[PDB]
Amino acid sequence: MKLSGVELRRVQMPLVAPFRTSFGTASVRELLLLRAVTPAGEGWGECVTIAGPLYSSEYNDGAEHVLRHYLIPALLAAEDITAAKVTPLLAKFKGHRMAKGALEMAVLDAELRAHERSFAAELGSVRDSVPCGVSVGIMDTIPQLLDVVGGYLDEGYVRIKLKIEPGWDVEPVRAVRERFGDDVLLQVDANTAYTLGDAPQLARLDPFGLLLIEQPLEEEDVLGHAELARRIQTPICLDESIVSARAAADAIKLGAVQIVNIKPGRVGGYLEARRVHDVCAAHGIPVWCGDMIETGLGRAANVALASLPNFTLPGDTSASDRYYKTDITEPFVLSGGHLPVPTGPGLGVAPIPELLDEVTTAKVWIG
Amino acid sequence: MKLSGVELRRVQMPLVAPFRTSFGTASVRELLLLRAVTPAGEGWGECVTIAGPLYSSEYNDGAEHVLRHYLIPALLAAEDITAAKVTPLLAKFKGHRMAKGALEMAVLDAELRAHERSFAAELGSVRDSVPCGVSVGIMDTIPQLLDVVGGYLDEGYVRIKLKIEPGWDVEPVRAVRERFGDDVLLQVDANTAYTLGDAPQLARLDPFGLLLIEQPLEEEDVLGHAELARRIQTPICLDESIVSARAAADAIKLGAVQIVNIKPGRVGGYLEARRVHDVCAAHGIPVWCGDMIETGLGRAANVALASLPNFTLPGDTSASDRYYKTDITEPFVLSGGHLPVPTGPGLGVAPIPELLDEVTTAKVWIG
Amino acid sequence: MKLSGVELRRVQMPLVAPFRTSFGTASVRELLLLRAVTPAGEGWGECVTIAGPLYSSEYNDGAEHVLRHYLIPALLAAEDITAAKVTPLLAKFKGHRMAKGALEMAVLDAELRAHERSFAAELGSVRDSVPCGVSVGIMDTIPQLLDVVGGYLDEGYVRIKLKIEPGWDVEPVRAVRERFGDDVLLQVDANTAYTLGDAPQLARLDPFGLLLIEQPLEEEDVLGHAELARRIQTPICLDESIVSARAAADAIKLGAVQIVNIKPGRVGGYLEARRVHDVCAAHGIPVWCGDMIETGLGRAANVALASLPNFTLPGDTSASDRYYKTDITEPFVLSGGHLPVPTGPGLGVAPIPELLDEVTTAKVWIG
Amino acid sequence: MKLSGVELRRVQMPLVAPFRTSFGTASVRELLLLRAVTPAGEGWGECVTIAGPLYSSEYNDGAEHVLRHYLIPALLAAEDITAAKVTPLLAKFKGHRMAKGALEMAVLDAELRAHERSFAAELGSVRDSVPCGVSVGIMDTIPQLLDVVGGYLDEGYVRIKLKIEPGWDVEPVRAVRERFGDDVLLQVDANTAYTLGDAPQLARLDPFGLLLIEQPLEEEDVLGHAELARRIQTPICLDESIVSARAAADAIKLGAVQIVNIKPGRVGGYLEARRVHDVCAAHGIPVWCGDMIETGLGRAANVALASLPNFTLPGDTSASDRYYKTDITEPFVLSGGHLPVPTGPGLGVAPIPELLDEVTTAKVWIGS
Ligand SMILES: CC(=O)N[C@@H](Cc1ccc2ccccc2c1)C(=O)O
Ligand SMILES: CC(=O)N[C@@H](Cc1ccc2ccccc2c1)C(=O)O
Ligand SMILES: CC(=O)N[C@@H](Cc1ccc2ccccc2c1)C(=O)O
Ligand SMILES: CC(=O)N[C@@H](Cc1ccc2ccccc2c1)C(=O)O
Ligand SMILES: [Mg+2]
Ligand SMILES: [Mg+2]
Ligand SMILES: [Mg+2]
Ligand SMILES: [Mg+2]
């Protein structure tokens, strides 16, 4: 229908523990939420930008700005709107993928609710539940790490992903392997921390049988990744580099990636994410669902996406309580190492308005 | 859902004119129809198989057979069913793609009718109408062809496609080009009638500025097509060879194709066809909508498909009256060279059930 | 001569043991036989299609149908016929290779009987006997398989091939290698059960010195096999993929295969199988004779084929009693690990009619 | 079956006109015939070697010598002979392909006569007649060439092949094209007379639309031929270089050849030639049947072979009278540009004994 307006909210949520990555430590999660309003009713979008431009060039205040002043006005000016039409209507604006994706999610959730159709149904789900791995930060000490991993294993997460960076790579892997053995599904994630000159150091990870090293080098260095793959045994996985289905196709032709992490906001929305799934499937490349420490709306959408057929490695969509004591929707609870795929219309979750209000820091209408 | 069963009907409809291709002439179009019945209501699929195994290894009685004894049962035995789920349920059965596609189409029309959503919406349409070309058969004499062509250009069709075979290639193209000039969008299609040995002959098309030559060699000879592309100026388009998204990705990697003809039945479904579109888009390969001389059901499904964003060349989805004096649904009518995209739920068209019956041959209930 | 007509029989013979493959369990062997009739005399052909389309798109009922309504008629309409001329006379029909091969086999046995020549002599045999291995199905438990294999070695079979599937690969192999040691010629066969995503699992085969792994991926994924070959140590062998001498040439050019399994019916006849053998020999690629659990008619022909110079690995053509209590011809009996090559005219073997009668289920005469 | 022995004949037949190639002129055809004698009957083989080692390293006296002292004893020492087993029985002897193929032809003719089967049926024939071209020698003057080509065209040959060499390439092809037009199937053959340094001279053939240039470079220069193909428009055809099916696979893989000339003697026999035909067809490479100015025997086997499905270009198997006033078998006569495929058992022809006797200069029996 014609979109009436969009309500944009700043939202802040404490983390159960600080989460430390190669680019820093956050203790809180700030995020934007969008609520699209149509004659038909309503839809929810979550943006995955972080507070400052440390993971990619996009950040909360920048997403909000491009949202208020470009993206939202362009959709409000359109005659008939459809999730699929969002992309062409926003095409003239370069980049701003996470902001575009957030807004596409909200249009999609509104549309789908109006057709009593789930996200899972629209995306092409073949599974009622998905297996879930867990992502683990850099720690101050090896023993703090072992106890943390140990804990996650006990609750039955199927795979352990370790954040790494120079000075924290080989040792923490060695120690996790000595304590928990060669059978645990183990992978590493640099968030762009190394260079091609670090190859011999990343080769010292060969003896530990990791599933993948995720984004060892910078976002723009795709040829460098192909070069690095000729020198290390650990399969390369790309995250920040995979900004679109075309980018996935390019990386695969160039021998720069054997496994692709998918994050919907990173590629510009759930529709593009599906295309990425499909392009990868066609080239025989396994995909998995990435996590941006989303609240329950984004987690719901990701759980759905993650049940597509080519998702053949456990994703990062951990249960609500891996990050939050109190989520803003009905929480996701781990159950035999798995999470259930949401069932109702659209996302199949909405925010509980008392909980959302506690953690809303600002609210603006754009109409 | 749970499927109740499927009415499998043999139909047969006369053509305005006999249609001559490199593999034969048919004067009449015979097909299967499937009416799937669920609790949520009912959907129509059309099968694209022809009478004998002359285009591919699949044909009417053979589809009908694999459908009755293999496919339709495996769906009837299923706990829950979605369009998406058809593929993995039918996966143990090798081949029979056109059959599987007719079935998925029927399930899909059911599903979408049950959510008041169009084919256009589910597939990701960005456009209300598609530009339309026509396919012109082999004729007895050059002047008989030059009239037929004259005619369709008069009706406002935007591109001409000519069936070609050894004996009927350079002369028809030279004549069409002498009669109608260089601005006409012109291409040829061989339905596998040449070998690599005929490259010098095909290179004789070089001066007529054709958009493409569609399937010059056999279905299996992907590498042969990449070889051929080194020897002739006319871009290669593939049809019979493009059996899946994976086969499209293979052919593009090998340099065997520059432009892909999409036929949803050939690739085993409208959902797979969507994947072929996205794989091609990600490699910068233009696609166009192919035609198996379907009724208004398949035509409705194809025009919806053809309105996807990477369909950037004119399809073969011609007006209903190009093939049939009367169609089994509301007819499609050319209007400034375009066909308009169906609006209502599912296909947005349904068999006028008096009209179906004048042209039906057999009926069987599987249940 | 001119062909008078063909007798088609459906036949059904119990198996000595159920045979389990990644696509299912066989307890009984259902097949078509063909008796071609000429003024001269008559010949026997065997179809290798199985009950339903789980190995390829071809099955018992669809072979029979394409035979009666397309293949056999086109030969009866023919003036002069030779085995060599079958191919161009059936060329207008796509696919149905197993059906075409059954028919060419019958024509060939008639033609050769009338010149008093063995299949061996026609095909180019250079050996009087051939070494034989055995194919061993998926077992319920490791000890059971260890007993079955133990039995087959004791009878003096020269090589063991184990069927494998996700769940049944590294353990069986490890087990077989523990009880019987590193000198036994051992290899595996997946019948398409893996994707390229399972490369790490398949590389877990590396230490066991397998001669080859047969068809790890789907029939159509030729490039996927070359990708997989860069990732594992075990040589790749193709079966389902090798449908022609041309498909074998392509797969060799792409690096997709290192050893080729030849099955006459899969490739559309003994004459095409001879071409496959010569194409691989010219490229230095070893071939070996595959088995389709044929009656002794097929087995006689396979044994003749397997005696060509480039069959330098042991074939799957086991003794009649590895599958059948009671063959329909004088049985093949293993002797110093070899089968002897048949000597008389044609197959050098014919159905014993009392026996052929107990196991016949239907009969039809095409004239 | 044991081979009983082989009668070896030297034969000399005059040519109707002297035949000139980049390696010389022949006005007489000297050749070897073999009559293999088995308990099941007789067969005829023809050796394609020429008098001296100017086309390849094999020649009539070398072929006779290797036959008497190596090839024939190995087959006579054998326990079982079939045509297929000839190859492994002789595999220890390196080279001598023309000599081996002559012996294989005779053995195969004997085996096929005994089963009452034609060469055509054993090879896989799919046609009853085959279109024929003519090979035209180097002449002293253009007008002599144009008269000769003019004559073969009136007789109905469907394709002209011109022998060429440095000094006789662009001009004859220019003339032939001016006199007879752009429609005539026209091709050239150098018999190794060029080097890669001559690529600019050979690119001067680009405007004339030739079907192919046959063997512009030496036998061993497979890489040089792939380089030459990057420089000229005329498709490359190989002849001397194609010595086996494997050599054909190799040249194709290297981009050295677009079209293959098959000569059965050159590849070591009709069975190997069937194999070259199959390898080429699997790669999309058209083949055509070559001619070594055989008598009716080799001509009969070549017409049979030329009727295989991948021979999609006209061969050099001209009518008997293009070379010989009197053939030693029933002669081959052109008819609507075609030759008919022989029909009876074996070759389908046999020497007329009085004619063979007029033309035999020596005969020796080689037995156990
Ligand atoms: C889920 C995971 O382990 N890492 C994400 C990115 C990430 C990293 C740091 C974050 C800090 C604040 C909010 C979101 C964040 C997301 C990744 O795959 O790289
Ligand atoms: C639309 C077009 O020009 N032809 C189809 C082939 C085709 C398809 C189905 C047919 C059914 C009956 C008779 C002829 C047919 C030809 C194609 O693109 O190859
Ligand atoms: C000899 C070997 O191991 N099997 C064949 C395939 C095969 C498999 C299962 C069958 C079941 C019923 C009838 C025929 C069958 C043929 C193969 O190599 O793939
Ligand atoms: C038929 C054709 O034009 N020439 C053959 C070879 C050839 C050339 C010269 C010869 C002289 C005497 C006897 C046999 C010969 C054969 C060729 O293609 O090269
Ligand atoms: Mg990451
Ligand atoms: Mg087409
Ligand atoms: Mg197999
Ligand atoms: Mg030559």
Side-chain angles (χ1 to χ4, degrees), chain A residues 40 81-89 91 104 108 111-118 120-121 123-128 242 244-254 267 269-285 304 307-310 341 343 345, chain B residues 40 81-89 91 104 108 111-115 117-118 120-128 242 244-254 267 269-285 307-310 343 345-346:
Chain A
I81 226 227
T82 284
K85 269 168 235 182
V86 160
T87 291
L89 288 153
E104 189 199 72
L108 185 60
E111 181 171 325
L112 295 192
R113 289 177 138 128
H115 291 89
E116 255 107 68
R117 194 165 183 54
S118 82
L123 300 177
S125 178
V126 295
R127 282 230 244 4
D128 307 312
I242 304 307
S244 65
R246 177 166 292 164
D250 289 351
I252 292 146
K253 289 188 270 196
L254 291 163
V267 302
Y270 287 88
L271 300 183
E272 182 86 3
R274 196 228 279 124
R275 298 191 275 275
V276 172
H277 170 265
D278 296 338
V279 164
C280 292
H283 278 96
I285 299 299
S307 61
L308 270 46
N310 196 44
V341 175
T343 49
Chain B
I81 230 215
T82 58
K85 265 185 228 209
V86 168
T87 291
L89 288 163
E104 186 199 82
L108 192 43
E111 214 181 285
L112 296 181
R113 282 177 143 127
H115 293 85
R117 191 164 177 62
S118 70
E122 170 73 20
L123 294 170
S125 175
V126 292
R127 250 198 316 294
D128 291 319
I242 305 313
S244 58
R246 177 161 297 155
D250 290 352
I252 298 161
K253 281 184 276 179
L254 292 164
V267 308
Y270 282 86
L271 298 181
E272 188 89 8
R274 201 227 265 114
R275 300 197 271 294
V276 178
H277 164 277
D278 298 333
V279 174
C280 289
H283 290 95
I285 296 288
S307 64
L308 268 64
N310 203 34
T343 45

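Below, chains carry the letters A, B, ... as their sequence lines are ordered, and counting in each starts from 1. FYI, side chains are in, hydrogens and waters are out, and symmetry mates aren't considered; it's all heavy atoms of this structure.
Using a 4.5 Å cut-off between heavy atoms, A:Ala248 makes no contact with chain B at all. In this structure, chain A has no heavy atom under 4.5 Å from any part of B:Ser244. Neither the backbone nor the side chain of B:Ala247 has a heavy atom closer than 4.5 Å to any heavy atom of chain A.
Considering all non-hydrogen atoms of both residues, B:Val126 and A:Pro88 come closest at CG1-CG, 4.1 Å. Nearest heavy atoms, B:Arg246 versus A:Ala282: NE-O, 3.6 Å. The two residues B:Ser125 and A:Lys85 come nearest to each other via the heavy atoms O-CE, 4.0 Å.
For the atom pair B:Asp278 CG and A:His277 NE2, the distance stands at 11.5 Å (nearest 0.5 Å).
Between B:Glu122 and A:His115 the shortest side-chain heavy-atom distance does not fall below 4.5 Å.
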